[PDB]
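Atom set for the values below is all heavy atoms of this structure, side chains included, hydrogens, waters and symmetry mates excluded. Within every chain, numbering begins at 1; the chains are lettered A, B, ... in the order of the sequence lines, protein sequences first and strands thereafter.
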Amino acid sequence: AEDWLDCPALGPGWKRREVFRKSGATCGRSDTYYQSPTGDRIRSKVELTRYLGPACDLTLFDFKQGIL
DNA sequence: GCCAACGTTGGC
DNA sequence: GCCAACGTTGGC
């Protein structure tokens, strides 16, 4: 199952999804995606740190797993 | 032009 | 050799 799920560590409206690669050299590797409350797609802790503003300190946030 | 999906790269 | 970041590409 790789549907969108709430991500409360990030806060109301945020969605997360983990997808397993199906073919190629990297079959079985996974990738984690986020979707912002406003619909913006994020695929890296760098895109996400830039998005949320200085307000948020993600030092202790595991982007891959979605936890603190 | 966008994006799902896999490839490539650099720091570790 | 893993993995985070992001590059590339074909199908839409």
Side-chain angles (χ1 to χ4, degrees), chain A residues 1-2 4-14 16-21 23-40 42-59 61-64 66-68:
Chain A
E2 306 167 325
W4 289 102
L5 301 183
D6 301 317
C7 179
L10 282 186
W14 282 94
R16 170 193 183 272
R17 197 197 182 214
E18 187 163 19
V19 177
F20 288 84
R21 294 182 177 209
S23 70
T26 63
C27 180
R29 177 197 284 184
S30 49
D31 308 84
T32 289
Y33 300 98
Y34 293 89
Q35 171 176 290
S36 88
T38 57
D40 303 338
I42 283 182
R43 56 180 202 125
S44 91
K45 202 158 112 93
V46 164
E47 297 181 353
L48 176 66
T49 274
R50 184 176 220 166
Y51 193 87
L52 283 168
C56 273
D57 178 13
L58 298 182
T59 313
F61 180 65
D62 182 21
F63 181 99
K64 206 195 161 47
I67 52 153
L68 302 168

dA4(C) P sits how many Å from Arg50(A) CZ, rounded? 21 Å
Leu52(A) vs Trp14(A) side-chain heavy atoms within contact, under 4.5 Å: yes
Just by distance, do the side chain of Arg16(A) and the backbone of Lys64(A) share a donor-acceptor pair under 3.5 Å? yes
Nearest-Å distance for atom pair NZ/P, residues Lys45(A) and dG11(B): 18 Å
Starting at atom CD1 of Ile42(A), determine the distance to atom P of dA4(C), rounded to an integer number of angstrom. 16 Å
Using whole Å, report how far CD of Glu18(A) lies from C1' of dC3(C). 13 Å
Side-chain donor or acceptor of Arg17(A) paired with backbone N/O of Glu2(A) under 3.5 Å: yes
Please state how far atom CZ in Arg21(A) lies from atom P in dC6(C), giving the value in whole angstrom units. 15 Å
Using whole Å, what does the distance between atom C1' of nucleotide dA4(B) and atom CG of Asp31(A) come to? 10 Å
Hey, does the side chain of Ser23(A) come within less than 4.0 Å of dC6(B)'s phosphate (OP1/OP2), counting only N and O? yes
Among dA4(C), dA5(B), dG7(B), which is the nearest nucleotide to the side chain of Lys64(A)? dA4(C)
Given atom CG of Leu48(A) and atom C1' of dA4(C), what is their separation to the nearest angstrom? 13 Å
Taking atom P of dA4(C) as reference, at what distance in whole Å does atom CZ of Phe63(A) sit? 9 Å
If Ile, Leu, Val, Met, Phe, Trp and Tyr residues are connected whenever their side-chain heavy atoms lie under 4.5 Å apart, and connections chain through other members, are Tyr34(A) and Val46(A) in the same group? no
Hey, is the side chain of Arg29(A) pairing donor to acceptor with the base of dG1(C) inside 3.5 Å? no
Side-chain N or O of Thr26(A) less than 4.0 angstrom from OP1 or OP2 on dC6(B)? no
